[PDB]
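Comments concern the structure below.
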Amino acid sequence: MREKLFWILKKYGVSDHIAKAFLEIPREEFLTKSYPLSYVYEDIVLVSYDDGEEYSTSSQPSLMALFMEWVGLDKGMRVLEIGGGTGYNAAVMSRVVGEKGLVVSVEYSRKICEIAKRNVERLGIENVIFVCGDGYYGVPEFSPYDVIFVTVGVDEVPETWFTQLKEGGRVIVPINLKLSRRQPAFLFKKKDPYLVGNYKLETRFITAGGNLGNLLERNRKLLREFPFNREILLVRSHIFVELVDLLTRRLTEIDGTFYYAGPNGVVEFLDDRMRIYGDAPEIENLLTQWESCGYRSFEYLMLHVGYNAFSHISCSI
Amino acid sequence: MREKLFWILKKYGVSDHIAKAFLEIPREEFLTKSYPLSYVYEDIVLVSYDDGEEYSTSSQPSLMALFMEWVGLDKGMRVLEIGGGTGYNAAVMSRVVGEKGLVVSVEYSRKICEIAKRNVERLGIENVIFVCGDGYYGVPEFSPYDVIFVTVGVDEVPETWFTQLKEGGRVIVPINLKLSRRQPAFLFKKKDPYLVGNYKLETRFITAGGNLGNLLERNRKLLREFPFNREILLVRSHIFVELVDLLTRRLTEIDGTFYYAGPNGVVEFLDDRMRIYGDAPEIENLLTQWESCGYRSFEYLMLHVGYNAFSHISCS
Ligand SMILES: Nc1ncnc2c1ncn2[C@@H]1O[C@H](CSCC[C@H](N)C(=O)O)[C@@H](O)[C@H]1O
Ligand SMILES: Nc1ncnc2c1ncn2[C@@H]1O[C@H](CSCC[C@H](N)C(=O)O)[C@@H](O)[C@H]1O
Ligand SMILES: [Cl-]
Ligand SMILES: [Cl-]
Ligand SMILES: [Cl-]
Ligand SMILES: [Cl-]
Ligand SMILES: [Cl-]
Ligand SMILES: [Cl-]
Ligand SMILES: [Cl-]
Ligand SMILES: [Cl-]
Ligand SMILES: [Cl-]
Ligand SMILES: [Cl-]
């Protein structure tokens, strides 16, 4: 029953206003497959749709509640959810933001998105708008948003989301760190022209398709030919490459060699060494900042992701 | 007369092969308005043309001789002269490079250029080619050049000249500084992808027209909209802005405020600080290097002007 889930969330430290949201939405109405109710209200992930071709899951309730607590989701806010699925999380967040708030959710699968629209209608929810398409583009018509809530692993936070986010808005997002076979989730706050934030924990969301899952491939198109400049010894190169992936969103690879596709140069990353073609002073700056921060991995650094500005690292503690 | 001029050039340390060229060219043949011969050979600037609307001047002989010495002008070289005027300096250099050398001289004024052509034609000087046009473009066909010899104040050394210059080639050039309104002359040597050089002395030349005199206006068109990033305080801002003018050649201005029009951002220069819109790590690096070099002005620094590369400052 919903009561047990509500209680379990309270035990997790989830506040009353967010926990109450989970008490008001019947999770079973979002599952296309029948499960015993005792299973429906367990704090676990549930397959919500599976036809052999397409698949979707309802996320672990406590993780979603934590995400909501972390971004400070509350009454009257406007949220852009990426990876709506059959709609359960969107429905829960709709109760959190209340009647004056709004939830816009994007689902890439046409079939799954249509099922979500139906579920929203069946439950009589009037403040949840589902959009069927690639979350990469966001939904500018209903921006600005207070929060960008991502429930699918994405290669990057596209500039679209940044532009659609209010100054001071938050982004909770699981990033596909494919080069390390990991999915770290981060919490960012917008302070134009940056998203400033920190790593939170490892997550297990479905990996995104479309333009939210082909960044390496897309960035190959950004590569240009530049004359060789110089080489620089690089310690813990893999750790730095992870940081370039997260901070620049311009990392790509050709034949297994990773390259930063810069606007004025290309940086080829090798085993504890990097070759610079053209100019990439922004990469030299990240390296200096990283060195000043003890060469620690991304989990222990404050990230300043620039939009129409280069990125930087800080570790003031 | 020319005999006195020669003696003076020698007294200034000018080599014999260069000073001798001044004994072979009649300066009076390049002046359209008669002057007493005793004045013609004084070591000064003379008005060589003036129809009331347009005018040109023959530069100070010793300054030209020094320029020649500094770029190592010698026999068989190919020189691109910018700002040919009525042709006197081109003619003198033609003697230095000899029958096997060549002087390609560009003059922007159609009338003055025609006069220059008539002058070398009349004197039978055959290794001088005058081009009537904007020196901004140089003259690709006759490159590679050993030397680019500039005799007019220019806003920048365009990439065209860099491309047309041999590796190891030299450029002697007076640059129109946008802020201080001075015309310091610099000696550069090409070491792809840079022109590496140093300030030599302050000069006074006619300020170039065409694309060699409208850099601020051209760069204003390169400005783009970028979000405010951050503000950076700095001391001796004017000194730094002049270095940005010289090293980046991307300076512009609107209503008296100078801006660096960068590829990825715009830097607004204020009296005691600069505001960065978008990003300009290349400026951030020049700033750090300048501060490292003691916040000194361009006269004391080694400039590495990049072409298809960002620039750098050194002070070894
Ligand atoms: N590029 C892209 N844009 C928008 N949605 C995507 C996507 N790639 C994947 N997805 C979707 O993201 C989803 C995440 S699982 C659904 C979690 C959802 N918040 C709920 O409450 O059920 C899947 O349904 C999947 O098809
Ligand atoms: N963009 C441009 N390209 C080539 N010449 C230019 C110019 N702008 C100005 N000039 C010219 O540069 C000249 C400099 S005065 C001439 C010095 C000349 N070497 C001589 O011996 O007389 C003037 O004739 C002037 O018209
Ligand atoms: Cl490949
Ligand atoms: Cl591949
Ligand atoms: Cl670089
Ligand atoms: Cl560099
Ligand atoms: Cl930077
Ligand atoms: Cl100053
Ligand atoms: Cl001052
Ligand atoms: Cl910055
Ligand atoms: Cl520098
Ligand atoms: Cl340097």
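So you know, we letter chains A, B, ... as the sequences are listed, proteins then strands, and number each from 1. First listed ligand is number 1; within each ligand, the first listed atom is number 1.
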To which protein heavy atom is [atom] closest, and what is the distance rounded to 0.1 Å?
atom	answer
atom 6 (C) of ligand 1	A/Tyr108 CB, 3.5 Å
atom 23 (C) of ligand 1	A/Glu107 OE1, 3.5 Å
atom 17 (C) of ligand 1	A/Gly83 O, 3.3 Å
atom 20 (C) of ligand 1	A/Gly84 O, 3.4 Å
atom 14 (C) of ligand 1	A/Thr151 O, 3.4 Å

Using a 4.0 Å heavy-atom threshold (strictly under), name the region of A/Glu81 that reaches ligand 1: side chain, backbone, both or neither.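 Side chain only.
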
Tell me which part of A/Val152 gets within contact of ligand 1: side chain, backbone, both or neither, using heavy atoms under 4.0 Å.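 Answer for A/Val152: side chain.
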
Using a 4.0 Å cut-off to any heavy atom of [X], which atoms of ligand 1 qualify?
X	value
A/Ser56	15 (S), 16 (C), 23 (C), 24 (O)
A/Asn89	19 (N), 21 (O)
A/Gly133	3 (N), 4 (C)
A/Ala208	8 (N), 9 (C)

When only distance counts, is [X] in polar contact with ligand 1, meaning an N/O pair under 3.5 Å?
X	result
A/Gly209	yes
A/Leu212	no
A/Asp134	yes

State, to 0.1 Å, how close A/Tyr49 and A/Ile112 come at their nearest heavy-atom pair, and which atoms those are.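 The answer is CD2-CG1, 3.7 Å.
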
Heavy-atom closest pair, residues A/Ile125 and A/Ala91: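 For A/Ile125 versus A/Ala91, the nearest heavy atoms are CD1-CB, 3.7 Å.
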
I'd like to know if [X] and [Y] make a salt bridge, using a cut-off of under 4.0 Å between side-chain N and carboxylate O.
X	Y	answer
A/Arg218	A/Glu156	yes
A/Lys75	A/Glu99	no
B/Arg236	B/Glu242	no
A/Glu284	A/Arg230	yes

From the candidates A/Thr57, A/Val45, A/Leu46, A/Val47, the one that places a heavy atom nearest atom 16 (C) of ligand 1: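 Among A/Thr57, A/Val45, A/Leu46, A/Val47, the closest heavy atom to atom 16 (C) of ligand 1 comes from A/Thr57.
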
Nearest non-hydrogen contact with atom 4 (C) of ligand 1 belongs to which option: A/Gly135, A/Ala90, A/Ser58, A/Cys113?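 Of the listed residues, A/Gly135 has the closest heavy atom.
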
A/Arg95 versus A/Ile25: any side-chain heavy-atom pair under 4.5 Å?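 Side-chain contact under 4.5 Å: yes.
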
Report yes or no: does a heavy atom of [X] sit under 4.0 Å from some atom of ligand 1?
X	answer
A/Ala91	no
A/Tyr88	yes
A/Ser48	no

Find out whether the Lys NZ or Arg CZ of B/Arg296 is both under 6.0 angstrom from the six-membered ring centre of B/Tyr300 and within 45° of the ring's axis.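 Judged by the rule (NZ or CZ under 6.0 Å from the ring centre, within 45° of its axis), B/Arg296 counts as positioned above B/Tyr300.
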
Determine, for B/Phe228 and B/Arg275, whether the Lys NZ or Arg CZ falls below 6.0 Å from the six-membered ring centre while staying within 45 degrees of the axis.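 Yes.
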
Of A/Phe67, A/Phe298, A/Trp70, which is the lone residue that meets ring-ring contact (aromatic ring centres under 6.0 Å, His included) with A/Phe186?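 For A/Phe186, the ring-ring contact (aromatic ring centres under 6.0 Å, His included) test succeeds with only one of A/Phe67, A/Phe298, A/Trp70, which is A/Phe298.
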
Below 30° counts as parallel, above 60° as perpendicular, anything between as tilted: where do the rings of A/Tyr307 and A/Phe162 land?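 Aromatic pair A/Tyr307/A/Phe162 classed parallel.
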
Would you kindly say whether A/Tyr259 and A/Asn219 are connected by a side-chain donor-acceptor distance under 3.5 Å?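 On atom types as modelled, these side chains do not qualify, holding no pair under 3.5 Å.
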
